[PDB]
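Laid out below as structure tokens are two forms of one and the same protein chain, each shown alone and named structure 1 and structure 2.
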Structure 1
């Protein structure tokens, strides 16, 4: 009874990490056997400062120690779990510290207000005041959980401790304080936020370390959402403006990457006066990364602008900047813009879209980079709603044709994925006249992946163009490949039938598809022959029971006598699966 538990306990000292890792993951089982009292007195002290320091082992221990409240006797003795987690909060490894901090936060809620001021708050003070910055780094994440419930006198002490962390000599600590500054403000009183958070927020935003200033941008978003809209001009904007004009491109990247979040925080009035000029500068930034990040926000940023000046601002201030981006030398900037540029069509309307957006749309399709062209073609739905895609048909087709015939098969693969989406938007009329040839040409592509992708593409096209369209257009051409001299192309006929039969039903599969499959059973190449057995196995459920016995069974039985082992095996499998033998 106790022997299995004794195995786990002994494994704690095992030199093998796997055995030690397994034992630690089952500490809950061990604690139950020991009991509530023994766990506090025996198990926890052994787990306080473990000699072993494997990252995974310590990480696993941190997760478990966060769920021992019941095992240690409930909230009354939850404070006994602090020392084990306090040690883990000081280890060099970041992930272990983060998990340890998470565990401390989880069990903090289970401390009663008296316990927090007696056991938890002192722990934060020890970590915050510790001489090792690993402890101080972890302390930053513990202020938010304890602050709301502690008394007013304790709250004053906590704010002073957090202020010291923001001024710590170690950049690692300051980065941690900046990261947690936003959440710590969400629990502080609004009066203290203006008087105490802002001085810290301003100081961090002007820190010498680029890695620390770039974190202040996120804190800027959170602080803005708390302050009254009228107080932003004096407390937030002065810091935000310099961030957008920061010397370090890393800081400017964060502003561009979080521009939409800033827009929803400062409000429409500030957005027009401050953000809009800032957004133009970001799109003209000397660093390609900043421009690419700003490009992603073009669609989101423009939508959230106030309706009173949305169209005018975009046409007069945003649109000119986009023109430069379309010509940007960097490939990634153009790719990022292409994926969102067409999203401005609904905002500007039909008349403005044709005169202004459309010339840029054509330029993107002519870009040398396949990714830019693929991004444009993938996002035609928004333009279709505003202006009929038939207007873009004469310009899309050259781009689609060029991509469909690209030397690199992976580029050809990408367009195949978007082909069913384009076919629906362009309609059956346009697809049959122009795009039908491209789809057939893919089925006989040298690269198997292209043929495989094209085979799947046929299924999707039939799902929306209907069974009748496939019978008139797709099926007759697919069956023509059965006579191809190359066995790879002949097998593609069976693969196409495998997917088409799933949607064409019995009305078509039995009449047209099945005769071709049975005829191919006599192919000289053994590879084709056993694909018929696999093909029949897959389309057999669709076929009516009478058809299976009359035609499928005699052909499968004949294959069972084939001289090739593979043909015999798959022929046997088909009969068993189809219950024909």
Structure 2
């Protein structure tokens, strides 16, 4: 009672935060007031209340959408229309968008009679207003009332939308172009061809290139409604004029939506017209258009016609890819590299080895870190298709040479790829060449690389067994415990932690346990409390005798040290192990 009155008074307050909180709790106010009172004196207070900031008006617009049950159901929802009509006219685009969204949401509760009597007049009022914000908001209210009105109202709505697309303020046309695809989905096919196609063609040749770059999405959404035979005569000429557009933004949009365009227009139209369009987009004089077109290379080549997929790829797309590899722009190479590897299964093993492999090598030895990072990220795609007997001769030297490169992200990528790679090569050959690489990663000057090599060591041990670790890996790990740089001693501790669970009980007891116990006397408190953490982590696998006999005295001795951190991390090591 009293808090609700506080909220009601709080709608009119000088504090923005308190007013916003009061508006966000409008549901309780409406519940207390009742349906009749909200319809009669609360909502009319919310129609003239447009004096607030962005957050307050946005919250009010969001709340009004879920109000249809609080005003008396779907019969009195028309009384929710004045506040939202007032909110759709405001200057803020987020508030306008939320008001439009709420009008659409409550437009599904209008009965068709109530629709044509209250909401269709609201759409006409918004689309015929003197403020272009009202018309910008009206552009998005034609797809929610069209399929549920009569033929005459449908014709009037189509005429009003056509007037919206032919407006004089660029914002209204730019908003109608966005909703042209949505409006075309609820139309009739004959009506689509007769009315939307002229509208789409007129918006696609607009004087403003910000309205032209939405005709691309309009074309994508329209080509999915027309038959395959009507695309050549109605949609395809405008798409061709849009791919070859003078503004780089329209060409960028065409390149960005090229995969959806290829899906929509059907494979024959792709192979006939879009393939030259794709080639011309990948040879564009604009770096961003080239990057956008190269982003879609593998997807477009994958969704091509299966009758001549690899043939058309090798005949047309491959030279342009060979040119894009040698490009002078960092983003184009970095975008083509992350997608080129997926082209390998389509072409097959022989075509891959003949053509793609030099490109892969040129991109692995590229001066740009992103190209190499992406190539290593996607190397598995070609590794699966050309096998392991053919990979090593051309690819293994690149990985070995690049596992020691400058950028540590590339080294990390190679570390992640290393377990899967070495799994197919067996223990016998990996030990000779790559074991030294995996051990030199542990000493790397970047903690991320040391942790990555630690996890990779776990993976290698779990792949190859425990005997190989006990013979060739573990001694090398303990060799770092005498490092003068204490970061590497912590690295040895981390390796022992990640190897304890996987290398085996008796081996942990006999080989790496003595070093963990001994390192408790390190004159750096960091290593001391990391020894405490390591003992806590390793405890569960040890047997009772070794634990209580050797670990307990050493861990307890850490509880007399001067450093607070060692004390705390030994105290919450005795209790978790139930040694207290």
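The term rigid core refers to the maximal set of C-alpha atoms that superpose within 1.5 Å between the two forms. Numbering follows the first chain given and starts at 1.
Taking 2 Å as the criterion, residue 460 counts as shifted between structure 1 and structure 2: its C-alpha moves by at least this amount when the rigid core is aligned. With the core held fixed, the Cα of residue 538 is displaced between structure 1 and structure 2 by 2 Å or more. Between-form comparison between structure 1 and structure 2 treats the chain as two rigid units and finds the smaller unit turned 11° relative to the larger, from C-alpha superpositions. Core-based alignment between structure 1 and structure 2 gives a C-alpha movement of 4.2 Å at residue 512.
Core superposition places the C-alpha of residue 385 1.4 Å apart between structure 1 and structure 2. Core-based alignment between structure 1 and structure 2 gives a C-alpha movement of 0.6 Å at residue 71.
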